[PDB]
Each structure stands twice: as structure tokens, then as C-alpha cells.
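Numbering (the deposited numbering), first residue to last: 241 to 340, 346 to 454, 483 to 514, 521 to 683. What follows is one structure encoded as C-alpha cells, with my remarks underneath.
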Amino acid sequence: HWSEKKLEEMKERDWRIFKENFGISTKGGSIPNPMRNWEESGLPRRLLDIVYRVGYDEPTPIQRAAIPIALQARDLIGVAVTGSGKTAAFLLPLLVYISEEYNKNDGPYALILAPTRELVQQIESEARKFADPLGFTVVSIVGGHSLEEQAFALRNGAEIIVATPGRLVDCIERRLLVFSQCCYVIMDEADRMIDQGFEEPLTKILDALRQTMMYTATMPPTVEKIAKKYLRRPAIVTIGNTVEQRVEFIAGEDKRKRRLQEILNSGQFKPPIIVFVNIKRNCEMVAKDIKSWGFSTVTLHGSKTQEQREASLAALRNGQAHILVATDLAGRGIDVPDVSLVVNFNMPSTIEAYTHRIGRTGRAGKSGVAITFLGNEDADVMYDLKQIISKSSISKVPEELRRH
Ligand SMILES: Nc1ncnc2c1ncn2[C@@H]1O[C@H](COP(=O)(O)OP(=O)(O)O)[C@@H](O)[C@H]1O
Ligand SMILES: [Mg+2]
Numbered sequence: 241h242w243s244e245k246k247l248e249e250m251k252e253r254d255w256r257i258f259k260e261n262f263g264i265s266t267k268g269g270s271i272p273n274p275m276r277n278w279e280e281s282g283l284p285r286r287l288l289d290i291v292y293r294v295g296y297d298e299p300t301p302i303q304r305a306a307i308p309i310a311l312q313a314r315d316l317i318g319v320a321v322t323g324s325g326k327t328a329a330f331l332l333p334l335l336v337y338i339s340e346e347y348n349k350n351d352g353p354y355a356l357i358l359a360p361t362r363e364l365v366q367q368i369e370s371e372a373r374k375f376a377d378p379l380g381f382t383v384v385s386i387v388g389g390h391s392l393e394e395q396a397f398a399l400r401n402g403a404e405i406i407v408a409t410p411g412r413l414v415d416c417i418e419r420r421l422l423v424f425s426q427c428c429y430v431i432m433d434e435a436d437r438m439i440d441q442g443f444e445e446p447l448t449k450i451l452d453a454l483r484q485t486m487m488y489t490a491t492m493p494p495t496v497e498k499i500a501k502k503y504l505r506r507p508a509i510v511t512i513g514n521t522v523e524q525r526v527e528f529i530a531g532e533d534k535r536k537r538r539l540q541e542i543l544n545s546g547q548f549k550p551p552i553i554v555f556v557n558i559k560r561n562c563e564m565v566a567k568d569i570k571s572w573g574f575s576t577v578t579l580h581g582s583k584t585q586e587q588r589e590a591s592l593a594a595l596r597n598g599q600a601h602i603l604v605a606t607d608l609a610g611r612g613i614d615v616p617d618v619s620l621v622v623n624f625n626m627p628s629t630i631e632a633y634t635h636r637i638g639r640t641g642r643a644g645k646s647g648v649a650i651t652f653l654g655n656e657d658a659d660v661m662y663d664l665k666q667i668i669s670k671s672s673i674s675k676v677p678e679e680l681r682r683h
């Protein structure tokens, strides 16, 4: 008795289905629910009918996920590949905050940084068809053109200025330009910023002190540092884009708990560690048993809400809790970073769930270890699993799948 996303109030479960469909994920920061449609974007209709006019009938996942949480005074990180639609995703929320605002002030209200001149000019244009109807200007600071034409922003608007970190710094220390009013900064593709040595020049641009946002495809340690030092209360949107090693054991029905004890006491793996189980009663029973082993375990269950469920996942990240027990429902959507080990105490009847639970261990790369317990009571999956292990022939040998 359910309606498949043709509902008015929705349910937390339904929201989770929503995200899983569009593949988007978020790290908790008291986050607002994502957009289904433009008609209540939180944006004014004069901007919406422009969104329609350009032919953007459908929101890209990054747009629907990033915009609603940007409309509130919170910084966001946009982990997404190029072509995601992320440009308009940071443009629209900027435009609505452009006016919350005068002509004569002289010194940009907002700044947009990009690794390449091509991007700076793409952002310029993509912004211009949104800005020109709104009656204000966007200026690109780029070389390779006549300087007189650049110095041409005569009415001295430049409510938004888009430029390379490496050329804007050129006009900054000489103080040929001022950021007295730049209280909104956007960092598109900080990947190739660092990949093209804009690190220190970018850091030079730290003036004024409100929102700052950051769209990338990746977060290497250089990029993560740049993030933490300048992003107050980060909100991390992510979009779904082999890694896993897939060790597998054959065992009796419940000798498996002693093996789990052995693994945990091996110390080979570093908490957080996720151990899945097919049955709820066995979920809470093994969790209590791991509690008796002295380990710090946290249970994520539907009786409580996201406010507390999120608190629990955060309680997993922050090291107050080490091991997590779960049913398939308990954490289909969860995205706890760099978990050392996925223990399938019971392999699920459906095969896609296995792929799903092991599918979340490496962000861009991790230990990716997944031990899966097996028996003859779970024979139906055996023939399938083998070939899927071959599909990820990388990182693992099935070694002993001589039967089905
Ligand atoms: N809401 C939308 N719906 C459909 N197409 C869009 C939307 N927003 C942007 N586009 C188009 O998608 C193309 C991809 O560009 P874009 O995704 O903005 O690059 P990036 O991912 O690097 O920001 C652009 O040419 C743009 O015209
Ligand atoms: Mg885009």
C-alpha cells in the first residue's frame, strides 16, 4: 500500500528512495529535503520561467540537492563530475541572495573561481542568460583579450566576478581591485585548481569575513584542507559515480559469531566497521553480543527519526562508537566514509543488496575489504555471486566456488 513518488507530504522512507533513485547523498548538517520540481524551488517565478525558457525542464541531481540547502545560510560542498549541471546549481541561489543592493558601490558582491579560462567564460555566459533578465551584470576577469575591453565594466557593476585564481591575484596585491563587498564566494572544480597550482594564489584570496561553496569531483588531502579552513558548518552533497576486495568464508550456521570475534580481536581492521544481518532479532542479538565483547556498537533503527538516526551515524564517525549492526533497511542510503570492513554475517536473498552494501566502502578508494559468510542454505545466489566477483575480478579471487 504505497505511492511511488506521487505524494504530497512524503515520508522519510520515501525521501530515501528519492535520493537512491537520483543517486544523491548528503552528510548531515540539519539538512533540508531536496527538490522534486522547480515549482517550489524557493526561487521567485521571474527566475523560474527563465529556467523554463532556456529549456531546463528537469533539475539535474546536483541542482535539486544543492539549491535548497544553499537558500538557507549554509555552505555546501558539491562532489560531482563535470556535466552535472552544477553551474546553474550555484548560480540561482547566488542570484536570489544578490538581492536580499545598489548600483554605485564599486567592488563585487560575489566571486566565482575556476581553473580554466574556458570555464570562466562558460560560467560567464551561463550566468549572463540568467542575469541579463534580472537587470544586473557579470564580468569575467581573463587575459588573452584587449585590456581596454575588460576595463569596460564602466557602470562598475560586477555584482558577480568570475575569474581564474591565478589572474585575479595579479590585480589583487597591487590593489587595482577591491573585495570590500564580496560576501559570497564559489569554488567550481577545485580539483583542477590544485591540479594547476592555484593552491597558494587561491589562499591569497581570503579577504572579507558570508557564504562560501565548493564544487569538485574529488577531495584529495590538499582539497580537503582547503575546504575545512574556510567552510563554516560544511554540508556535503554527493552524486553516485571497482574498489572492493571480497574475501568470502564457508561456515556452519552460527559458528560465524566466533569468527567475527576473531576478526575484531585480530585488530586488522579499523573502526568504523559495518556488520550486516538479514534478520532483525539476530541483528540485535549479535549487537548485544558484540557489546559483551567490550566493543562500542550503535544500532540504526526506523523507530527513531533522522535527527537521532543522523546523530547515530555521526556518533559512528566521531569515534564514540566503533562497530555498526544493521538490516538492509537500516542503512541502504548511509554513506559512512572509509569504513575498514563490511561483514555480511548473512548474505541477503537478493543479489543486488550485496552489491549495494559492499558498494559503499570506498569513496574514491579505500581498504574496501568485505568478508561474506556463506552456507548451503543460501544456494540460490551462489551461481550469480561468482560471476559478479568475476565482474570485479580486480582485487579478489573467488578461489573456492567450484559448486552451486
Ligand atoms: N537544469 C538544466 N536542465 C537541462 N540542461 C541544463 C540545465 N542546466 C544546465 N544545462 C545544460 O547542460 C550543459 C552542461 O553544462 P554544465 O552541466 O553546467 O557543466 P558543469 O557540470 O561543468 O557545470 C550546459 O550546456 C547547459 O546548457
Ligand atoms: Mg553543470
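A virtual CB, placed ideally from N, CA and C, is assigned to each residue, including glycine.
- A check of alpha carbon separations from residue 318 across 541, 524, 513, 577 identifies 513 as the nearest.
- When 487, 359, 308 are compared, the shortest CA-CA separation from residue 411 is found for 359.
- Relative to ligand 2, residue 263 has its C-beta separated by 7 Å or more from all heavy atoms.
- The secondary-structure analysis by DSSP pairs residue 527 across a beta bridge with 651.
- Close CB contacts of residue 628 within its chain, under the 8 Å cut and outside five residues either way in sequence, are with 557, 657, 659, 660 (chain order).
- Between the beta-carbon of residue 652 and that of residue 560 there is about 17 Å, and that puts the pair past the 8 Å contact cut.
- By the Cβ-count criterion, residue 602 is buried, with 16 or more other Cβ atoms from all chains shown falling within 10 Å of its own Cβ.
- What you get when you keep residues with a C-beta closer than 5 Å to any heavy atom of ligand 1 is 296, 322, 323, 324, 325, 326, 327, 328.
- Sorting 644, 494, 623, 676 by C-alpha distance to the C-alpha of residue 538 places 623 at the top.
- For the pair residue 417 and residue 452, the Cα-to-Cα distance works out to about 10 Å.
- Looking from the CA of residue 434, the closest CA among 428, 443, 253 belongs to 443.
- In the displayed model, residue 571 falls within a helix according to three-state DSSP.
- Unbroken alpha helix (DSSP H) runs of no fewer than 4 residues, entirely contained in the segment 366 to 435, are found at 392 to 395, 410 to 413, following chain order.
- Around the Cβ of residue 625, a 10 Å sphere holds 16 or more other Cβ atoms; the residue is buried.
- In the pairwise beta carbon analysis, the segment 309 to 324 is classified as touching the segment 483 to 496: at least three pairs are separated by under 8 Å.
- Here residue 525 is buried: its Cβ has 16 or more other Cβ atoms, across all protein chains shown, within 10 Å.
- Taking residue 448 as reference, the option from 609, 495, 491 with the minimal CA-CA separation is 495.
- Around the beta carbon of residue 332, a 10 Å sphere encloses 16 or more other beta carbons of the protein chains shown; the residue is thus reported as buried.
- Just so you know, the alpha carbons of residue 544 and residue 552 end up roughly 13 Å apart.
- According to DSSP, residue 555 shares a beta bridge with 605, 623.
- For residue 398, same chain residues with a beta-carbon under 8 Å away, outside a window of 5 residues either side, are 382, 384 in chain order.
- Comparing alpha-carbon positions, the option among 266, 310, 570 lying closest to residue 592 turns out to be 266.
- Taking 8 Å as the cut-off, the Cβ atoms of residue 674 and residue 523 count as close.
- Taken atom to atom, the span from the alpha-carbon of residue 301 to that of residue 530 is near 43 Å.
- The beta carbon of residue 644 sits closer than 8 Å to those of 522, all from its chain and outside the five residues before and after it, given in chain order.
- With respect to the C-alpha of residue 356, the residue from 594, 406, 546, 574 having the closest C-alpha is 406.
- Following the DSSP letters along the chain, one finds residue 511 in no alpha helix (DSSP H) but inside the beta strand (DSSP E) bounded by residues 509 to 512.
- Comparing alpha carbon positions, the residue from 330, 362, 297 closest to residue 279 is 297.
- With 16 or more other Cβ atoms inside 10 Å of its own Cβ, residue 639 counts as buried.
- Under the DSSP assignment, residue 484 falls in the beta strand (DSSP E) whose first and last residues are 484 to 489.
- Sixteen is the threshold: when 16 or more other Cβ atoms of the shown chains lie within 10 Å of the Cβ of residue 281, as they do, the residue is buried.
- Only residues of its own chain outside the window of five on either side were considered, and among them 522, 647 have a CB closer than 6 Å to the CB of residue 641, listed in chain order.
- Residue 438 places its beta carbon 8 Å or farther from that of residue 488.
- Membership of residue 265 in the beta strand (DSSP E) is indicated by the continuous run 264 to 267.
- According to the DSSP secondary-structure assignment, residue 610 is paired through a beta bridge with no residue.
- Residue 244 sits exposed, since fewer than 16 C-beta atoms from the chains shown fall within 10 Å of its C-beta.
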